[PDB]
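Read through the structure below, which is laid out as structure tokens, and then see the notes.
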Amino acid sequence: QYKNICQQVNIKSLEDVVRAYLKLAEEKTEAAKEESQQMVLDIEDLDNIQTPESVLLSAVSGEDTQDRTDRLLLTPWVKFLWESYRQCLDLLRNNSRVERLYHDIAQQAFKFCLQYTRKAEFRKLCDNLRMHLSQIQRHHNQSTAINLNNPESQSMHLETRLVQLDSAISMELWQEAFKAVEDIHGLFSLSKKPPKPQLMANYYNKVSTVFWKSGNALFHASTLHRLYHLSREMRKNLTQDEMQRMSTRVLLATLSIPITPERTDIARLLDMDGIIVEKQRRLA
Amino acid sequence: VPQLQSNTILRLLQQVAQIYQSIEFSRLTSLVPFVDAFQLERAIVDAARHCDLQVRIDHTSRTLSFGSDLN
Amino acid sequence: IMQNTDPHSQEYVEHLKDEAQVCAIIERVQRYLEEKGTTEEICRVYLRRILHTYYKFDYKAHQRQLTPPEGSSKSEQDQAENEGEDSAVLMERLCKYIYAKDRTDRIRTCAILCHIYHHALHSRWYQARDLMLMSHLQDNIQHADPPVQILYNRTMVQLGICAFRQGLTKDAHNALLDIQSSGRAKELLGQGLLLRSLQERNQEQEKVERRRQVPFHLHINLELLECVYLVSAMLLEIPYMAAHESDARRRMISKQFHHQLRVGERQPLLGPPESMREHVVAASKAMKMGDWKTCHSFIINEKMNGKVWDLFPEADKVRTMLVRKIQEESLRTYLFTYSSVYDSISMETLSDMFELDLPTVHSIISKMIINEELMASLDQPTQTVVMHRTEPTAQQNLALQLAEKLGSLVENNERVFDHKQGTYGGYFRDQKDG
């Protein structure tokens, strides 16, 4: 109702209202955890810790008392917040015209996922992808007149990126990171009409790093050299008067390089056989 | 670095099959500064098992034979 | 009550305190009916007393085994309270009375299943096996009531877990195969409905299946069941996949392990493992490379301990047995994968590399040679294994696989020739053999 009446009129109201809403809900969950995590958590393991009479029997398929009673007094807050974030900006602003705030919302969601449950990531990520698809493959409304408006574009881009990257490389997720990279690639494909602004180098380095281990230091070292080359362009444009930087760069390069001289394709040597090469080409 | 150290060892291990035709394991120990022999032999037998070199490092006398061709 | 309280609320632990009062009332009623009751009332109370005891691990019997009585003197009064009749001897007495006095095949059938479950829970595999085989319930259980089928399915899982605790990985795999490969294990064990089947059932049937669910303190963790199944599959299928990598006739032992491995191999980004299934898939990749130390770190980490191994009444015995079984079968996958590179190997370096006793190493290698699994000879004075350089080249392996395929094409051409020569067989067989 509020967005409607406050439509092609005044948005300053919506910004103040919806920020104050999510801020009130965040404080209820802050209080709800502390409450359960200081008073009720100490009430739980309170006193001794030997013999539960019926605590040992369920020890064959149970957990700790803090999770067992934090579910009674914190899960509510978390759940509520999650639902709100999902239906809030999402089910009320999966697009529109201007008004960023979206970035802040995304950041909040990411933080929540990191802290509380992680499953939320799958839901949030899914919703985001769906929204990006509706627009990118939608185009049918007085929405954003895409063309040469790299502002909002670059913004959202970097946003999701950093959020996705760290997100996955935080809660030990990986499929999420993969999806994020795929999305970024798609954006670049449909967003290659512009020369190229900053952040590029940033993201590149970040990714190469996050990689390093998982994949072999081969592709990782390749991405490292890519970031090194980016430091050259950014240099001519970025201008970085520091020798230490160059040193570190060369070092990273070397390592990522000398590391593996051959791969042990056991799975392949077994089954025939991939279904395991074109994927490498895709990574390339 | 530790993988790249093993990669340098792996580089060394491939060469000496053309430099030598056999070598005693006691000589072979002194050729290569490393943490332990008991570790490194298994990492050679690993490389050998993954067909990167051919060696008869395991053998009754505890001596190694690279061999001119054999097969 | 214990079907309608939430399993994760503190209220479940509160209502479980009353279980001790229920057990005491049943004991008071048992003693009273042993003096005054009919044999058909006694056999029913004996079944109810069995029903609250068969799932409880006797920590008092185990504590009495962990302290041998070497030497401290206290009080004859502390002995009279220690004469608490073992849950095992009580179970054996009550079950033998039912077998000898019961006029109903139901109470007898529930008693034998609870008896087998209680032997299996206490690591007494031989007794549990011999009672299960003697019962012939495998053929007959299909016509028994669904709550007795749920008890049988829970007893079969407990037999598989008992075989696993005894290091009998093959018999553990066989007992768990049909239950886990069904994709319906949660329902077959009475532990709930699968949400994916909620769309296909009548609400009245669902309301009857909900009443047939066992209380949460009678559940066997499905993640423990699947971990024991996948680890039993891993220890059987990887030595087989290493030895037979060259063969055209790949006999998959576990279709479900082969599905899970193919799902993990289809992820373009494999992170550090978080799920119990990813840990066993990561360990399966390490075990094909013959590295037992990364296999051990993926199977025995803090996450898998608190999620699977600490759910056992004897966590450290199953840990030490599983470490030994990872060492014993990784020595075999290592020998199968790297035989082609080794001309001779000492048993001393295999003892040091795998942290295994020399008689065990010798017994494994001797058995691989006797099974024709390893093309090697054993030199008894030097304790060396000398390989026979008779291994087929990739071109010789393609020729062997082509010879097997040509033999199969001849066998099928002979079958087709017999079906052709059989004519057309309809007109020439009706005039010789009155």
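Note on naming: chains are A, B, ... as they come in the structure tokens, residues start from 1 per chain, ligands start from 1 in the order shown.
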
Expected answer as number ranges by chain: helix (DSSP H, G or I) residues in segment 52-262 of chain C: C: 59-66, 77-80, 87-101, 105-121, 125-135, 137-143, 146-165, 169-181, 185-188, 195-197, 203-211, 216-218, 222-243, 255-262

Near residue 253 of chain A, within 7 Å and counting only C-alpha atoms, which residues show up once chain neighbours fewer than 3 positions away are dropped, as a CSV table (one decimal) with N, CA, C and O atoms, in the first residue's frame?
```
chain,number,residue,atom,x,y,z
A,221,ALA,N,47.4,-20.1,-10.6
A,221,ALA,CA,48.6,-19.3,-10.9
A,221,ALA,C,48.3,-18.5,-12.2
A,221,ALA,O,48.8,-17.4,-12.4
A,224,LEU,N,46.4,-15.6,-11.3
A,224,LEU,CA,47.3,-14.7,-10.6
A,224,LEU,C,48.1,-13.9,-11.6
A,224,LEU,O,48.3,-12.7,-11.4
A,225,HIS,N,48.6,-14.5,-12.6
A,225,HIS,CA,49.3,-13.8,-13.7
A,225,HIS,C,48.4,-12.9,-14.4
A,225,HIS,O,48.8,-11.8,-14.8
A,249,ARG,N,53.9,-9.5,-6.2
A,249,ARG,CA,53.3,-10.0,-7.4
A,249,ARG,C,54.1,-11.1,-8.0
A,249,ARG,O,53.6,-12.2,-8.3
A,250,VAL,N,55.4,-10.9,-8.3
A,250,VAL,CA,56.3,-11.9,-8.9
A,250,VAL,C,56.3,-13.1,-8.0
A,250,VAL,O,56.3,-14.2,-8.6
A,256,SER,N,52.3,-20.2,-7.7
A,256,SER,CA,51.2,-20.6,-8.5
A,256,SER,C,51.7,-21.4,-9.7
A,256,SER,O,50.9,-22.2,-10.3
A,257,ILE,N,52.9,-21.1,-10.2
A,257,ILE,CA,53.5,-21.7,-11.3
A,257,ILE,C,54.1,-23.0,-10.8
A,257,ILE,O,53.4,-24.0,-10.7
```

Within 12 Å of segment 56-61 of chain B using only C-alpha atoms, minus same-chain residues under 6 positions, as a PyMOL selection string: (chain B and resi 13+17+21-26+28-29+37-38+40-49+67+70) or (chain C and resi 339-350+378-387)

Pull the closest atom pair for each residue of chain A that gets at most 10 Å from chain B, along with the distance in Å to one decimal, counting only C-alpha atoms, ordering rows by chain and then ascending residue number, as a Markdown table.
```
| residue | atom | partner | partner_atom | distance |
| --- | --- | --- | --- | --- |
| A:217 | CA | B:3 | CA | 9.8 |
| A:254 | CA | B:4 | CA | 9.6 |
| A:255 | CA | B:1 | CA | 6.6 |
| A:256 | CA | B:4 | CA | 9.0 |
| A:257 | CA | B:4 | CA | 8.6 |
| A:258 | CA | B:4 | CA | 5.3 |
| A:259 | CA | B:4 | CA | 4.3 |
| A:260 | CA | B:7 | CA | 6.3 |
| A:261 | CA | B:7 | CA | 6.8 |
| A:262 | CA | B:52 | CA | 9.1 |
| A:263 | CA | B:50 | CA | 9.8 |
| A:264 | CA | B:50 | CA | 7.6 |
| A:265 | CA | B:50 | CA | 9.9 |
| A:266 | CA | B:50 | CA | 9.7 |
```

Could those residues be written to a file, using N, CA, C and O atoms, as a CSV table (one decimal), in the first residue's frame?
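Below you can see result12.csv, which holds the result:
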```csv
chain,number,residue,atom,x,y,z
A,217,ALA,N,47.2,-25.1,-8.4
A,217,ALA,CA,47.8,-23.9,-8.4
A,217,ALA,C,48.2,-23.5,-9.9
A,217,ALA,O,48.8,-22.6,-10.2
A,254,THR,N,55.4,-16.9,-9.4
A,254,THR,CA,56.2,-18.0,-9.3
A,254,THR,C,55.5,-19.2,-8.8
A,254,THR,O,55.2,-20.2,-9.5
A,255,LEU,N,55.2,-19.2,-7.4
A,255,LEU,CA,54.5,-20.2,-6.7
A,255,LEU,C,53.4,-20.9,-7.5
A,255,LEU,O,53.6,-22.0,-8.0
A,256,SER,N,52.3,-20.2,-7.7
A,256,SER,CA,51.2,-20.6,-8.5
A,256,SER,C,51.7,-21.4,-9.7
A,256,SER,O,50.9,-22.2,-10.3
A,257,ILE,N,52.9,-21.1,-10.2
A,257,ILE,CA,53.5,-21.7,-11.3
A,257,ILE,C,54.1,-23.0,-10.8
A,257,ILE,O,53.4,-24.0,-10.7
A,258,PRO,N,55.5,-23.0,-10.5
A,258,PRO,CA,56.0,-24.2,-9.9
A,258,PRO,C,55.2,-24.8,-8.8
A,258,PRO,O,55.2,-24.2,-7.7
A,259,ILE,N,54.5,-25.9,-9.0
A,259,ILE,CA,53.7,-26.6,-7.9
A,259,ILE,C,53.3,-28.0,-8.4
A,259,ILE,O,53.6,-28.9,-7.6
A,260,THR,N,52.8,-28.2,-9.6
A,260,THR,CA,52.4,-29.5,-10.1
A,260,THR,C,52.9,-29.7,-11.5
A,260,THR,O,52.6,-28.9,-12.4
A,261,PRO,N,53.6,-30.8,-11.7
A,261,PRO,CA,54.1,-31.0,-13.1
A,261,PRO,C,53.2,-32.0,-13.9
A,261,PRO,O,53.3,-32.1,-15.1
A,262,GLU,N,52.3,-32.6,-13.2
A,262,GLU,CA,51.3,-33.6,-13.8
A,262,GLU,C,50.2,-33.9,-12.9
A,262,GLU,O,50.3,-33.9,-11.6
A,263,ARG,N,49.0,-34.1,-13.5
A,263,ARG,CA,47.8,-34.4,-12.7
A,263,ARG,C,47.5,-35.9,-12.7
A,263,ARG,O,47.7,-36.6,-13.7
A,264,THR,N,47.0,-36.4,-11.6
A,264,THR,CA,46.7,-37.9,-11.4
A,264,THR,C,45.3,-38.1,-11.8
A,264,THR,O,44.4,-38.2,-10.9
A,265,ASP,N,45.0,-38.3,-13.1
A,265,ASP,CA,43.6,-38.6,-13.5
A,265,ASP,C,43.2,-40.0,-13.2
A,265,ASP,O,43.0,-40.8,-14.2
A,266,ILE,N,42.9,-40.4,-12.0
A,266,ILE,CA,42.5,-41.7,-11.6
A,266,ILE,C,41.1,-42.0,-12.0
A,266,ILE,O,40.8,-43.0,-12.7
```

Residue contacts of residue 18 of chain B (12 Å, only C-alpha atoms) excluding same-chain residues fewer than 2 positions away, as a list in words: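 Everything that qualifies: residues 12, 13, 14, 15, 16, 20, 21, 22, 23, 53, 54, 55, 65, 66, 67, 68 and 69 of chain B.
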
Filtered DSSP result for chain B, state strand (DSSP E), as JSON, numbers by chain: {"B": [22, 23, 24, 63, 64, 65]}

Can I get the selection written as a JSON list (two decimals), in the first residue's frame, with N, CA, C and O atoms?
```json
[["chain", "number", "residue", "atom", "x", "y", "z"],
["B", 22, "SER", "N", 72.10, -47.47, -12.54],
["B", 22, "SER", "CA", 71.77, -48.03, -11.24],
["B", 22, "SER", "C", 72.40, -47.10, -10.25],
["B", 22, "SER", "O", 73.25, -46.29, -10.60],
["B", 23, "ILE", "N", 71.98, -47.22, -8.97],
["B", 23, "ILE", "CA", 72.62, -46.51, -7.89],
["B", 23, "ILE", "C", 72.19, -47.19, -6.62],
["B", 23, "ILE", "O", 71.04, -47.58, -6.46],
["B", 24, "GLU", "N", 73.16, -47.44, -5.71],
["B", 24, "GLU", "CA", 72.93, -47.86, -4.34],
["B", 24, "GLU", "C", 72.09, -46.86, -3.58],
["B", 24, "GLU", "O", 72.23, -45.66, -3.78],
["B", 63, "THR", "N", 68.57, -51.09, -2.97],
["B", 63, "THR", "CA", 69.36, -50.42, -3.97],
["B", 63, "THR", "C", 68.43, -50.25, -5.13],
["B", 63, "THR", "O", 67.41, -50.92, -5.22],
["B", 64, "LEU", "N", 68.79, -49.35, -6.07],
["B", 64, "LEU", "CA", 67.89, -48.85, -7.07],
["B", 64, "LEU", "C", 68.50, -49.20, -8.40],
["B", 64, "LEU", "O", 69.72, -49.13, -8.56],
["B", 65, "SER", "N", 67.65, -49.51, -9.41],
["B", 65, "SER", "CA", 68.10, -49.81, -10.74],
["B", 65, "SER", "C", 67.15, -49.07, -11.65],
["B", 65, "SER", "O", 65.96, -49.36, -11.67]]
```

Å distance separating atom CA of residue 325 of chain C from atom CA of residue 312 of chain C, one decimal place: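 It comes out at 17.8 Å.
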
Polymer residues at most 9 Å from segment 24-35 of chain C, only C-alpha atoms, same-chain spacing of 3 or more positions, as a ChimeraX atom specification: /C:19-21,38-39,41-42,45-46,48-49
